[PDB]
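Presented as C-alpha cells, the chain that follows is alone, the form deposited in one PDB entry.
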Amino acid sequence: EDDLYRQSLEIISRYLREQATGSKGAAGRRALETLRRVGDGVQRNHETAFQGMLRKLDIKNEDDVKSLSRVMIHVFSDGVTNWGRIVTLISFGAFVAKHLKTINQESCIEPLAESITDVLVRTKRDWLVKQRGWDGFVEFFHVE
C-alpha cells in the first residue's frame, strides 16, 4: 500500500545488491544513477574511515541486522535531516553489504535494505515528502 516505502526499498535494495555483487521507473532510474555517482564517491573518499567503523560495530554486535538502523537513529538524533546524511548512511549500508557478501557469497542484502528503508520512510516520511522525495534527491545532487 505504501508507495513511498516500496519505491525507496526498490532503489536502496538495487543499489546495495549492485554494490555487493559488482554487477547491474524513470524516476527510480534517475535516483539510482544519482545514488551510484554520489554513493560510490562517499565510499571512495571515506573507505579508510568506513573500514575503521565496521570493525567496532562488529565487536559490539554485528549478527543483528539492526546494528545499522541504530547508527542511523543516532545520526539523526540531533534533529537534523538532510540529503547528505541520507546518502551517507545508504553508502555505509552498501559498504557493509559488500563486507557481508565477501564473507558469504550467499548473504542476502534485503534485510539490510529494509532496515535502512524503514528508518528513512517511517521516521522521516513528511520530510521526504516535503523535499519532493526521490525526485528531490536527484535534484539536490545533480550538477550538470
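Residue positions are given as counts along the sequence shown, with the first one as 1. Heads up, when I say rigid core I mean the largest set of C-alphas that superpose within 1.5 Å between the two forms.
From this point on, the text means the form deposited in another entry, which you will not see here.
The only C-alpha among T88, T34, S115, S67 that moves by 2 Å or more between this form and the one not shown, given a superposition on the rigid core, is that of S67. With the core held fixed, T102 shows a CA shift below 2 Å between this form and the one not shown. Distance between the C-alpha atoms of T81 and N61: longer in that other deposited form than here (change of 3 Å or more). An increase of at least 3 Å in the separation of the C-alpha atoms of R55 and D63 is found in that other deposited form, compared with the displayed form.
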